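# Working through the structure, step by step
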Amino acid sequence: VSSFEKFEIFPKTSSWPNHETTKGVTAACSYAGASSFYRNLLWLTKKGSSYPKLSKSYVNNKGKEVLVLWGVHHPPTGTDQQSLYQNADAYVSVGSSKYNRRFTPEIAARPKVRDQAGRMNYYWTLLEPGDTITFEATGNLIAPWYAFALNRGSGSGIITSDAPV
Amino acid sequence: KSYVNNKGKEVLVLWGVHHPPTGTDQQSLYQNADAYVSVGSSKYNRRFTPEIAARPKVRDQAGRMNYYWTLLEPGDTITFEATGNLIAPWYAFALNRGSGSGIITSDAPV
Amino acid sequence: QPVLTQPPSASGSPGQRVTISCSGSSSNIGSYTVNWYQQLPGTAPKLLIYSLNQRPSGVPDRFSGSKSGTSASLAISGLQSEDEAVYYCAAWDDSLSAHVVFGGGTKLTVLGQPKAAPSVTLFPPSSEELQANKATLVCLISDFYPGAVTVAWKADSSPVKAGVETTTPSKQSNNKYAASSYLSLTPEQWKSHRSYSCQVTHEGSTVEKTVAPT
Amino acid sequence: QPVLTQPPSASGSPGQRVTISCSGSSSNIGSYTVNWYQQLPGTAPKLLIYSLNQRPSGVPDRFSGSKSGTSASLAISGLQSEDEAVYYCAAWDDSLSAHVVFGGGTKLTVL
Amino acid sequence: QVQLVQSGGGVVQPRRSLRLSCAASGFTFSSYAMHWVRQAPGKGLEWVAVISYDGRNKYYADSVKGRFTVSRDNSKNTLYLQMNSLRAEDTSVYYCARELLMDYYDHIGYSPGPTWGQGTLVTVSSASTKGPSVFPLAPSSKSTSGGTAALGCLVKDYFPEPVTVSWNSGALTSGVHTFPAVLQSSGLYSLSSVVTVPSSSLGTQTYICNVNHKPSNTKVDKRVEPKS
Amino acid sequence: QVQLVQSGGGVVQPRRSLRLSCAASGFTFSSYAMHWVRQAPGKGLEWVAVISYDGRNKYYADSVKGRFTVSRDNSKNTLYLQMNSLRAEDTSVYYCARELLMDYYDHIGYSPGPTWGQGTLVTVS
Ligand SMILES: *[C@@H]1O[C@H](CO)[C@@H](O[C@@H]2O[C@H](CO)[C@@H](O[C@@H]3O[C@H](CO)[C@@H](O)[C@H](O)[C@@H]3O)[C@H](O)[C@H]2NC(C)=O)[C@H](O)[C@H]1NC(C)=O
């Protein structure tokens, strides 16, 4: 990357009027003495006693590739699944012209890491200029909040050094 | 549906799996909302299940088809089972092997 | 056909099974699939069945479609009160300029009370209307079930058809039915005849009321 | 409150629908989901409803939860004789030192 | 929440034009064909037209072919129906509907799916705005049965719909029955409202029907009394 | 087979102490918070305490606050309740119960789940 623009792909306060957007924090991602969460993702949960099917699309009008990241939460019990998302039978689907995937919840007793027996899987894609990405879900979606429009360049890489820049 | 390879050489078998954009179209085409495709030989074994997702239209189609292949050794059998979404093999290819070949891109005349 | 052929009406008792046929042709049903829709009063149509035999989410499994040749049929098992509605079939049609064809609709009634003959009230023209050079006889018809009647007006004993306007029967709050019929006349006509009568026929039985100038 | 407000008793004839209210405050029901439990004489409590509206496996769908403001309600449709029991609600409460609050219980009689 | 909302309906004179619009939310609008379907009051469904996801394909019913034009703007998630050379028989509730299937199959074709808007009404007539005349329908010997008596109001010759009728300034609700309107050949509507009361009441009580016709901003109250 | 079994209950004189234990089987004990809840004969349910899976977080009812201490031993799949400074009104049948949810959410909290033991009676007189 030679430049990028971070931008609010799906603004928190307006993108999700029918789902809960303020209950999406956890002690595994604690900050400054309080539970928190990733700044670039948004943990949607059920509002009241219902999680209706969401459908949300983004058209890339940035004139360059946009990197979109998202996640899928996998609770430890059918009881916690149900308790968070209402729908026992939930899925998440994500598609663009070139990307296409269906995700289904993985409920498993498993050990705790950073206090959580649940797991979250993280996914990403590069959305080409002019193309559209569409998210549909009946639960378990960790929604994009901010994404990054990228300018590409060759032959670099990553090193580890404690020397001062 | 099964095929026994009596060709005396590897047979390249290709097939596909269709992925409609909605459950309504899946159901409308294949009747079964919950369809799958399984393909197996003595050495090959894979299950494909429609992955239904809203997505934009490409070449007029919001649907997608994924394409798959395997090499069936002489004397071996390949078996296809499906309750929908199978783009079935029609023609396949018996192959003769050789080392050290490859592909180039050129507009020069042959 | 420009319109798929459906029976005008259908009925059943609660718990019963009912079928509704839909007949077309090679260019529609013989070539393309049939959809079924359900419409309740004052509300948009609801998709019931598609690709002949399939149900969208929310539609109970007691609804099933089938076909044979160029005709199709919708079956509803275990009939419920909420099923009273108009049911429509539809199909794509590649004749002429390609188009969708709807059927004419089938009103399904689950009979919901003992048969009840209409009460009829007939009001004569008001003095204000006669002095306004008009004359309206008003026949009010209420509390009948089933919700279908016919109305015939008579001057003495002869049928008067000119000047007649009649409403379509309508469900009342109590689930019995109401309708009204208006006979328009000039005042001079009103004064010339000896009497007028409004006769309402319901399920083969007639109720008649009569007014005369007096 | 340290203890949630329930009607002491309730009753219905078989086949009928009955509701049982549970009143709290901003720090419990207004903030956290409500669980419902059914207790028959001489037996451990059984979990009936959780996350306000949900049923564990084995619990019939004629049991339903709802809420409004700082109050929640359990509805039982098609009342059966065997449903006769004492019902308790509960919720997490973040006032004072955080704690679980049970209601005082409602004895349901099937006439 | 999947939703279509139609607008633009109303009263219009024949041969004139009107444009309807339909706003979509909650599904990928640009991925679906859209239909217009209409239904005349008290009548059956009639398909009107279909337009492809990208606007590249349009089909019309023959009854409107050559007169109406369907279009869409995917950026506004809006579907349009332009209606020209209107006739009285175009009077109908007009619905927009999302197509059954997202992808086109040449062995399946097009048809209306699970999602319909609430509809918008278009009325084509020569009638012009007119408030009702109200006449009392008096109780008499010819309108009396055992124990009960019928009385009412005749609400005559208005356009367009609707009119409202109450009795005794809202004090009388029990026994009130407002009948659906007739549409006369004249282009004006008429209806009747009747009250059933115990004959006992006839004496002291006075009865005034309150009719309100908002399109002409006309209200008429008329008292109905026993004859003398 | 899912099971909770309480033991340690009995008769004790006021001001004295008693320890209760609860043996769990058929589920992953160490993955769940655990509650103690008590009920006096003919009276309502009263929650007593909760302890997190790893013992790092503990909450008590005020009526026993400062007097009782809850603990657990995950290697033995056993929960304990140490009851000190007993009062007559602490007399009750004591139940242990597995927490509703395996993972903790701070907008959801703690609550008794589907699994309760049969209870053990403690009498202070
Ligand atoms: C950011 O990074 C820091 C440094 O890794 C994290 O803090 C550390 O988190 C680990 C894992 O929770 C702690 O290690 C643990 O120690 C406890 C003993 O208290 C032990 O029981 C566990 O098994 C584990 O070994 C560590 O104490 C803690 N402290 C340090 C070194 O900073 C922090 O969690 C990270 N923050 C986020 C939100 O990513």
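Residues numbered from 1 in each chain as written, not as in the entry; some residues may be left out. Chains lettered and ligands numbered in written order. Part of a larger assembly, values for the part shown. Heavy atoms only, no water. Residues with missing side-chain atoms left out of burial classes, pairs and counts.

For this coordinate set, the PDB header names X-ray crystallography as the determination method and states a resolution of 3.2940 Å.

## Some points on a nonpolar patch on the surface
All names here are of chain B. As a reminder, the rule being used: To count toward a patch, a residue needs a relative accessible area over 30% and no salt bridge; like charges are then connected within 9 Å, while nonpolar side chains (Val, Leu, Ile, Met, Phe, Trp, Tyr) are connected within 5 Å. Per-residue and other accessible areas follow the Shrake-Rupley method at a 1.4 Å probe size, with only the shown protein chains counted as cover for residues. The salt bridge definition used is simple: a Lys or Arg side-chain nitrogen within 4 Å of an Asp or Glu carboxyl oxygen. Only DSSP runs of H or I reaching four residues or more are called helices, and only runs of E reaching two or more are called strands; each is numbered from the N terminus. A simple rule labels every residue: compare its accessible area, found with a 1.4 Å probe on the protein chains alone, to the largest value its type can have, and call it buried under 20%, exposed over 50%, or partly exposed in between.
On the surface, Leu-14, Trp-69 and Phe-93 cluster together into a nonpolar patch covering about 330 Å² of accessible area. Tracing the sequence through the fold places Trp-69 in strand β5 (residues 64-72). Taking relative accessible area as the criterion, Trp-69 reaches 53% and is therefore assigned exposed.

## A closer look at the pairing of strand β7 (residues 85-93) of chain C
All names here are of chain C. This is how the line gets drawn: Any two strands are treated as partners once DSSP identifies two or more bridges connecting them.
With eight of nine residues buried, β7 is to be regarded as a mostly interior element. The pairing of strand β3 (residues 34-39) with β7 spans six bridges and is antiparallel. Bridging from a neighbouring strand, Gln-38 pairs with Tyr-87 of β7. Examined bridge by bridge, β7 and strand β9 (residues 106-110) share three bridges and lie antiparallel to one another. Its bridge partner being in β9, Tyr-87 is matched across the sheet by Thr-106. Relative to strand β8 (residues 99-102), β7 is paired through four bridges, and the arrangement is antiparallel. The residue of β8 that forms the bridge with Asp-93 is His-99. Counting the residues in the hairpin turn of β7 and β8 gives five residues, including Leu-96, whose phi is positive at 55°.

## Things to note about the interface of chain D and chain F
The cut-off we apply is this: Whether two residues are in contact is decided by their heavy atoms: any pair within 4.5 Å suffices. The term buried area means the drop in 1.4 Å probe accessible area that two parts suffer when joined, counted for both and summed. Residues are grouped as follows: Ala, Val, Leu, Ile, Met, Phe, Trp, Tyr, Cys and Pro are nonpolar; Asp, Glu, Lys and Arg are charged; all remaining types, including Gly, are polar.
Listed as interface residues are 20 residues of chain D and, on the opposing side, 24 residues of chain F. Summing both partners gives a buried area of about 1,800 Å² for chain D against chain F, and 64% of it is carried by carbon and sulfur. Scanning the region where chain D abuts chain F turns up zero salt bridges. Among the secondary structure elements, those contributing two or more residues to the side of chain D that touches chain F are β3 (34-39), β7 (85-93) and β8 (99-102) of chain D. The residue makeup of the side of chain D that touches chain F, split by class, is eleven nonpolar, nine polar and no charged.

## Comments concerning the pairing of strand β1 (residues 9-12) of chain C
Residues and elements named next belong to chain C. Of the two faces of β1, only the one carrying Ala-10 and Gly-12 is buried; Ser-9 and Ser-11 on the other face are not. Pairing of β1 with β9, which is carried by four bridges, proceeds in the parallel orientation. Residue pairing across strands places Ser-11 opposite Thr-109, the latter belonging to β9.

## Concerning the pattern of salt bridges
The final tally for this structure, using the stated rule, is 23 salt bridges over all chains. The salt bridge involving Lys-98 of chain A is made with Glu-128 of chain A; its shortest N-O contact spans 3.3 Å. Taken together, the positions of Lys-98 of chain A in the loop between β7 (92-95) and β8 (100-103) and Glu-128 of chain A in the loop between β9 (119-127) and β10 (132-137) put the pair 30 residues apart, joining distant regions of the chain. Between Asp-83 of chain C and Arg-62 of chain C there is a salt bridge, and its shortest N-O distance comes to 3.1 Å. Within this pair, whereas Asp-83 of chain C is found in the loop between β6 (71-76) and β7, its partner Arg-62 of chain C is found in the loop between β4 (46-49) and β5 (63-68), the two being separated by 21 residues in sequence. A residue is classified by how much of its surface remains accessible, and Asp-83 of chain C, at 2% relative accessible area, is buried. Connected via shared salt-bridge partners are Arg-38, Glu-46, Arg-67 and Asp-90 of chain E.

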